[PDB]
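Colleague: part one of the complex, left exactly where it sits:
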Amino acid sequence: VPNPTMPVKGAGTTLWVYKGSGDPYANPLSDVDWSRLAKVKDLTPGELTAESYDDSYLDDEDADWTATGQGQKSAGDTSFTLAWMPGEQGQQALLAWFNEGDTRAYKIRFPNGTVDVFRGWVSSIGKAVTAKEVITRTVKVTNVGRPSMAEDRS
Amino acid sequence: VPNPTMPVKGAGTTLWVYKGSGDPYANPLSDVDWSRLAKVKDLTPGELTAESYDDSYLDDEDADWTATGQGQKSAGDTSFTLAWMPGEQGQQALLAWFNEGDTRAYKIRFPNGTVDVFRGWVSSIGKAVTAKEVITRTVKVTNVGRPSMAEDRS
Amino acid sequence: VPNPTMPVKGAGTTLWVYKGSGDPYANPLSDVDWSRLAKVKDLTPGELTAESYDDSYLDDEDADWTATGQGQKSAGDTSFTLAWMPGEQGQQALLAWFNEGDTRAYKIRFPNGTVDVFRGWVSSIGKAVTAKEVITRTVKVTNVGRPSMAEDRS
Amino acid sequence: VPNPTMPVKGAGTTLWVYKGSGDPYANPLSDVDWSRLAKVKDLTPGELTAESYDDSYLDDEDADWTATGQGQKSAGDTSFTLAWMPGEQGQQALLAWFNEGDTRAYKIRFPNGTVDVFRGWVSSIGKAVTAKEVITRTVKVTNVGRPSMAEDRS
Amino acid sequence: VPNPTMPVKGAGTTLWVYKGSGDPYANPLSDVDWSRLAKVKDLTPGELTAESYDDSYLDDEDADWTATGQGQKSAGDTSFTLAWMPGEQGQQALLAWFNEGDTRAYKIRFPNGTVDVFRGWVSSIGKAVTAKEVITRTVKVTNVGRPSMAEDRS
Amino acid sequence: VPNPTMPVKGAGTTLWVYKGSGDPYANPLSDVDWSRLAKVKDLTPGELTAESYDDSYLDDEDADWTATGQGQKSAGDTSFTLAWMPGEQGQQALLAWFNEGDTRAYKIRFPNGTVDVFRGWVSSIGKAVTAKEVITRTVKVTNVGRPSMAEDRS
Amino acid sequence: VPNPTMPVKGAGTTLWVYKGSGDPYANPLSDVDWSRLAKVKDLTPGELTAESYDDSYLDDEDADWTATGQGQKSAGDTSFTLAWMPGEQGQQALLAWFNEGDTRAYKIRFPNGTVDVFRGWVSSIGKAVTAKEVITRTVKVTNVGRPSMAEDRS
Amino acid sequence: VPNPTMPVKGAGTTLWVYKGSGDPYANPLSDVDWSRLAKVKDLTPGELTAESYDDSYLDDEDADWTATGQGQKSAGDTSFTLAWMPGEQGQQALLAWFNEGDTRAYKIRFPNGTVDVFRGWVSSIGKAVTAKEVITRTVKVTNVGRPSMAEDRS
Amino acid sequence: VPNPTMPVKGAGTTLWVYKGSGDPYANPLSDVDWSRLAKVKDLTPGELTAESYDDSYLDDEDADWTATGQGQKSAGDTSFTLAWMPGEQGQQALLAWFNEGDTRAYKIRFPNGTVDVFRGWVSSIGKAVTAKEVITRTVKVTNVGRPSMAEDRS
Amino acid sequence: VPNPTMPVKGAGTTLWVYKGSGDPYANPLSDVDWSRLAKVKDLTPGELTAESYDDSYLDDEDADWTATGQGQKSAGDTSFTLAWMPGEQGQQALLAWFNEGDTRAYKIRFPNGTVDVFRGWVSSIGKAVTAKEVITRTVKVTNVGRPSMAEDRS
Amino acid sequence: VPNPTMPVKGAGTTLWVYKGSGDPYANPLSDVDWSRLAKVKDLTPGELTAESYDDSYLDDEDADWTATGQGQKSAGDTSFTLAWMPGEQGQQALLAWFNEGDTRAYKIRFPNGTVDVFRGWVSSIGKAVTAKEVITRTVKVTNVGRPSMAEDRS
């Protein structure tokens, strides 16, 4: 039985792409109108980050130690590699996404029972060919706006 | 039997270079008037990519999180290393391609049954000499314009 | 029995986050009004540092050797990785800390019997997903002001 | 029997330096008036390369994908390491070549039966001393002008 | 029996820090008024260095080969890592040294029988926490002025 | 019997420093008035090098391939590491050389039977301390002017 | 919550233009009858200034140091650049303003919660066209009379 | 689909020059009898401006603050640089325009779907010659009379 | 401890404006009846200067070299930029100072322990708005009469 | 093959000076009786220009917008820098041209296949001396009369 | 040992100001009755200059080339910046010098062993305040009459 409180191993994660019209953040737990990408081999989700903003004046009584405040936050790049299946409707959606410069919403569903939703556009579409290994399609997606992390809902 | 839906191993890929007059994108599956480069030993196809365009104004109410949109897409470099056979027609075509700065169309044919076509010019011509190994000719080709990915056709 | 004089092994370290209103530096040994982050796997405490300030004049009789003085000190970044438990209260506190840009005080309690207090804001919130390993939450916290090292109290 | 069509292993390569007056490119297959460097232990021939020249205008109807053309070609550096024999005539010729800044023609004769001619000047002259290994002299030669690759003659 | 002429192994080196008023360079061999840092686990002493000053004119007959002269000498950084014992006097002296920027004199005493004295201020104070290893305190000290090498006294 | 024509292993090399007044290049083979540094563990002699000087005009009929000529040659840095013996004469000479910014001549005598002479000034004086290894003194010397390589004499 | 006492970052500023009949200075805080310019990318508000008026007589007892008084004050030029949207009612108002030489009142509304009102006429209407950037309309407005600065109201 | 309300990127702009007899302002959207200049590489359209007319009397009660009104409006200079093709019809038209001092009507057609018309005479004709770049023809045109901005038509 | 003899760093400077009736120069060390401007980011104090007065006659025996004497001294402009807080009393005092043309006395109190007093009137009041930076108020004040430099009191 | 219609790169330009008696404009394509300047390193051809002539009257019904007409055209200055070869005949011709104030015709022959003829007199003759660069002679030539641009002949 | 014939580096220069009654030029080498300014951080000595006097008549046969003769020589300005120490005697002397206009003699003493004397009056007194840098006092002094260069005495 899935349990948010206890740790969970990573095997079982799925990746989804939104198609349709509506609010992706409204009800991420249901899968109606969410297309799926199958056979993902690697997945490194985006890394939220922030910039230091220098908060110092000449008036300040003491200047021995620095003082800074948080600046402009920004979600990073979410990159995954998945096996090459050009006839699947899923990968045709990826290249239609790339060619038509657009921002859609993609979802990560962990075995924990939680859901993680981002919005972004695709930045790279690569491939690797080796004699004795499956042909892989590597994708990197750049996020915009505010992600809806998993522990907002509780 | 080739099947686009299922994954495929990489062994069996071929590389072809176009000679003649016509439309390379019109009918890549046909093999007429396509010269072939033989005995490739490595192949890393080009990586499509795009650069971010900053979309922010002073008016916008929310400025905590960054907002960006897709910019100018560009295919990358395709580099392959193939055994040195200076008397073969294909490699003389390669150096004729390099000396006379020109853009031609080269094709990658996967065991999957699909076809991948690019257009570009050659950027590097190298060599490696070792006592106990076959002399290899390393080539890097820079693409221009819009590639024709294999999954456009379906 | 804990002993500040003798060396100590690292196992037993704990991490805490301050909640409430008061003076964090006043009495850190008490554990009231301090929330705790559980199941930390790695921890690298911040690195205090300073930058050189050039102290030279044309008058100086001797200029063969350089002469410098200490400049502006600054505590560094504290980064720890801890197992992903989105339903636990501590990690919801972490993301509330991140979303609302703010500076709080976090505490490190060593097995030695001493306490190390910092003040800072959170800079990065990341995650790593692998098939056969526990999903981890990686955090980096940037410090401001003057830390209260353990060596002050004695 | 040497065969340009089939692949060949690297053992048997020789290095030569032109002395005399004439046209090096006219007839490289002959071995008269070509001094030889003996006992070479590594050799990496130069890498021909070119740089991109941006070909874009504001008029262009389509600017989604980049468009570039080939720029200025340039042969690279040829570097080889050969055992230190200061009393041999070839290495005295090398240092006379270095001290008097000048461009000569050096030749690489592969076991394949073909010949590769370059023109250039010497850039580095180094040495390595180790207790249990032969003292080596390392050379790097920078090319100018147009090389005469082996694939021209056929 | 210690002997400067013959080589010596490194085990047995000690590190000392000066407290009091006087001339550190006057009599470093005496051990009075020199506090000691105990249980060091690594030590890389500073590296004296100098920067080139370009000495060339337009008049000079020969300009094929470069000509330079020595510039401004400067001792480097001395960094050592020692086990964390916050209750010991030496490490409280270290943090008092760091907080109040100041230049003091520290001494390295080799098993050879010689003494090495520097003057400088502290630049970094770090820590490393691991589950199965002793907690270590890493210090880096930046020197100023002229060091008193051991090779002066003889 | 030493032989310049044939290769030689590196063991047996010696390093010398000139003291006195005269011409170092006049008679390097004689060993009078040449002080010696003993017990050297590593030695990497300097690397002669040159700068490319761009030789191109707008008039030139062809500009497809680059054309360059040799620029300003310069001997590099000669660095060696030798065991720490502060009571020996040679190393006191090294520190007297470093403190008094000066250019002297140092000699390398190979087992081949040849001699290599440089002129230069010292740039670094470092040390390494390890628990179970001999204390080593590392020196780097920067050369000026024209070296007298070994195969000038024949 | 907006607070005049504390500093505020600049993001969120809006620009407005008055249409109708009434007193612009009477009630700037309400937005009835105030048209808005949207998507402003840069904004540098006007710089109030004054002229020195020479106050000196021959009678004056001392003339060693100058003495001056304030002259005729004048608000400067307020210039902003906003993205080109010729179909918006807002930008048509700008060009109707320019063609019909007139003085109207424009308003700046800061995130602080305050309001800044000027009166003036337009001096420049420019444009910038770049291949990969949004077309921008640059405007400069020259002010007349007395501005109603933000801290008049309190 | 072109849309005046939304912002547009600059790529796709065209420049046209009128030939024939009629009213340029009557129907600029139609493309008949408008010659075209091809391959523009830069374009900075003219900047409308006005000069202040001093409106102050001695009678006025208030003279602390300046008061001015708009004077004589005047379109500025329009300068574009386009690749040198002396055999094309457009550039021969340019030099015929320059030699015979005359005022014609030139049109700028944006990707937005709008049209901008000016009237003026040519002021400069320049050229730039570089070894590795396309020879460019730089033109500056001075406008007279009243321009017809694109947003008059709606 | 403050010390006029030794050099001092700039952090800790304060700016004050005189309100009330009395003699500003009489006792500036006291802080009563002096309003304060808070949060100053930059400060460039005025530059005392003088202009040359030509002292030459036709009689002078020697006229090869020029001869001049000092003319009329004049303090310059003091300009500081401070964060925009329109609800604070100090900045309302600044704009009341500007609107009513008047000369008051403002004071600079250095960390050294000394005081620098000027008298003057305000010349410029400006502002700068940026998306990611604090809104700043820039002021310039022009001095009259004789300043009371800190070096007078001792 | 040269083609006036298509763009061309600049490499291959030549500079010529007319000697003899005849009509320079009659047949510039021929190369007889035209001396040549060799080894030019930069060349910026003259910039044709004209000045505005104010065309306004008090009668004019409308005076809101300015109205001007073209004035007196004038070719600008042609400046080129070429390597210093005082023994060559061309540069002796240049200085004879300068010393005897006179107007001759100089020609620019582009790689395009066209010819550009001017007439003018020389204004500046300069030189630049640097230690590691070729001595250059810089010339500026001022044109008179009507140039014969390449676009006339077709 | 100081040596006028050989070049010297700048470090070690001192600046002195004369107090007392006598002849400054009589014996500048002696240091009695010369006050000293301490801790200078920059120094750019004055630049002697002269202005051309036009020497041409209508009679002269040759008027192609200009002819001029030297006019009125004049020493320039000497400006130095030195650390702000208002309690030191030298800087109180500086402001006493400024307030009471007066010409005194100041001396520059180079490490070369020579002495440079000027006479002049002070023109500017400035200051720079920065958060992390030493407060500096910038002075500019204008010379009168004839300087006594160091090259006179020999």
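Modeller: Here it is on my side, so go on. Numbers count the residues shown, from 1 in each chain, chains lettered A, B, ... in the order given.
Colleague: for chain A, longest strand please?
Modeller: The longest strand of chain A (DSSP state E) is strand A:115-128.
Colleague: quick check: the residue of chain A nearest chain G.
Modeller: Here chain A gets closest to chain G at one residue, residue A:53, 8.8 Å apart by CB to the nearest CB. For the C-beta atoms, the positions are set from N, CA and C on the backbone; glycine is no exception.
Colleague: return the residues in contact with that residue.
Modeller: A:68, A:69, A:70, A:71, I:132 (CB atoms under 8 Å, 6 or more residues apart in numbering or on different chains).
Colleague: near chain B, which residues of chain A are found?
Modeller: By CB under 8 Å from any CB of the partner chain, the residues of chain A that approach chain B are A:39, A:72-75, A:83-88, A:91-92, A:95, A:98, A:101-103, A:121-135, A:142, A:144-146.
Colleague: who touches residue A:75 in this structure?
Modeller: So residue A:75 contacts A:46, A:47, A:48, A:118, A:120, A:143, A:144, A:145, A:146, A:147, B:65 (CB under 8 Å, 6+ apart).
Colleague: nearest residue to the most far-flung residue of chain A relative to its centre other than its sequence neighbours?
Modeller: Residue farthest from the centre of chain A, counting by CA atoms, centre = their mean, is residue A:61 at 44.4 Å. Distances taken as CB to CB, 6 or more residues apart in numbering or on different chains place residue I:12 nearest to residue A:61, at 6.2 Å, with adjacent residues excluded.
Colleague: circling back to that earlier point, kindly write the ChimeraX command that selects the buried subset of the contacts of residue A:53.
Modeller: Only the buried entries of the contacts of residue A:53 go into this ChimeraX selection, using 16 or more other CB atoms under 10 Å in any protein chain shown:
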select /A:68,70,71
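Colleague: closest one of the contacts of residue A:53 to residue E:113?
Modeller: Taking CB to CB as the measure, residue A:68 is the one of the contacts of residue A:53 closest to residue E:113, at 50.0 Å.
Colleague: count the neighbours of the residue lying closest to that closest one once chain neighbours are set aside for me.
Modeller: Of all residues not flanking residue A:68 in the chain, residue A:52 sits nearest, at 4.7 Å (CB to CB, 6+ apart). As a burial measure, residue A:52 scores 14 neighbours (other CB atoms under 10 Å in any protein chain shown).
Colleague: on that earlier part again, what packs against the longest strand of chain A?
Modeller: strand A:77-83, helix A:89-99, strand A:104-109, strand A:136-143, strand B:48-49, strand B:68-70 (3 or more CB pairs under 8 Å, 6 or more residues apart in numbering or on different chains; DSSP states H and E).
Colleague: any chance you could note which residues of chain A sit beside chain D?
Modeller: Checking chain A against chain D by CB under 8 Å from any CB, the hits are residue A:101.
Colleague: what residues does the residue nearest the centre of chain A make contact with?
Modeller: Nearest to the mean C-alpha position of chain A, counting by CA atoms, centre = their mean, stands residue A:78 at 4.4 Å. Residue A:78 is in contact with A:44, A:45, A:46, A:106, A:118, A:120, A:140, A:141, A:143, counting by CB under 8 Å, 6+ apart.
Colleague: throw chain L onto that model:
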Amino acid sequence: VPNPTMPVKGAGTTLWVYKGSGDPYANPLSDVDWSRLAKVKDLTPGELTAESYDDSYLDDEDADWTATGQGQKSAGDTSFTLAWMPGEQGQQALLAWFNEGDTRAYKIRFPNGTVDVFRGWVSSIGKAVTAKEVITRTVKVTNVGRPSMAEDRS
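Modeller: Chain L now in position relative to the chains above:
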């Protein structure tokens, strides 16, 4: 071997000053009675130039294009910077030249093998002092009359 026909690098130039009685232009190649300035670091020789003289009449049939003729030629300023050696004869000669307003002849001798002679008087004598650089003496000389350029002799 020096060669006037071919280009030459700048290193090796010398600067000379004439002392004695005779004709400087008669035999510049001989080096007798020519004093020398040593250790010059920079040298920019004078720039010959001319003034436009307007040649236009009302009678002229055409006035569309300007017509001008050469006016009064004039050699410019020759400036060089050389290291400060006040005890050397040449620099005492420079200051004797400056103090006694006079015109002498100075010579530039290029590595090409040619000679360049000017006549003029000195205009500036400056100096630059830096902590870590050689003290430099900067001189600017203004020329009169007719220079004797290098390619007059052939």
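Colleague: and the contacts of residue A:78, now that chain L is part of it?
Modeller: A:44, A:45, A:46, A:106, A:118, A:120, A:140, A:141, A:143.
Colleague: try it again with 7 Å
Modeller: Counting by CB atoms under 7 Å, 6 or more residues apart in numbering or on different chains, residue A:78 makes contact with A:45, A:46, A:118, A:141, A:143.
Colleague: next one: residue A:64
Modeller: Listed by CB under 7 Å, 6+ apart, the contact set of residue A:64 reads C:72, C:73.
Colleague: was I right about residue A:73 contacting residue B:63?
Modeller: No. If you go by CB atoms under 7 Å, residue A:73 and residue B:63 don't touch, sitting 10.3 Å apart.
Colleague: joint contacts of those two?
Modeller: With CB under 7 Å, 6+ apart, residue A:73 and residue B:63 have no common neighbours.
Colleague: give me the element residue A:2 is part of.
Modeller: Counting by DSSP states H and E, there is no helix or strand that carries residue A:2.
Colleague: so it makes contact with residue A:113?
Modeller: Yes. Between residue A:2 and residue A:113 there is a contact under CB under 7 Å: 3.6 Å.
Colleague: of these two, which one has the most company?
Modeller: It is residue A:113, of residue A:2 and residue A:113, that has more neighbours when counted by other CB under 10 Å, with 15 against 11.
Colleague: correct me, but the more buried one touches residue A:1?
Modeller: No. Counting by CB under 7 Å, residue A:113 stays clear of residue A:1, with 8.9 Å between them.
Colleague: now for the residue in chain A positioned nearest to chain D: which residues touch it?
Modeller: Taking CB to the nearest CB, chain D has its nearest neighbour within chain A at residue A:101, 8.0 Å off. Residue A:101 makes contacts with A:121, B:69, B:70, as judged by CB under 7 Å, 6+ apart.
Colleague: surely it forms part of a helix?
Modeller: No. Read with DSSP: H, G, I helix; E, B strand; the rest coil, residue A:101 is coil and lies in no helix.
Colleague: in chain A, what residue comes closest to chain K?
Modeller: Closest point on chain A to chain K, by CB to the nearest CB, is residue A:58, at 5.1 Å.
Colleague: does that residue touch residue K:131 like I think?
Modeller: Yes. Using CB under 7 Å, residue A:58 is in contact with residue K:131, at 5.1 Å.
Colleague: now for those two: what residues contact both?
Modeller: I:10, I:11.
Colleague: looking at those two, which is more packed in?
Modeller: residue A:58 (22 against 19).
Colleague: secondary structure class for the more buried one?
Modeller: Assignment for residue A:58 (three-state DSSP): coil.
Colleague: circling back: am I right that the residue farthest from the centre of chain A is in contact with residue I:11?
Modeller: No. Judged on CB under 7 Å, residue A:61 makes no contact with residue I:11 at a distance of 8.5 Å.
Colleague: find the nearest non-adjacent residue to residue A:97, please.
Modeller: residue A:122 (5.5 Å).
Colleague: residue contacts, the residue of chain A found nearest chain C?
Modeller: The nearest approach of chain A to chain C comes at residue A:4, 3.0 Å away (CB to the nearest CB). Each residue near residue A:4 by CB under 7 Å, 6+ apart is listed here: A:112, A:113, A:114, C:85, C:86, C:87.
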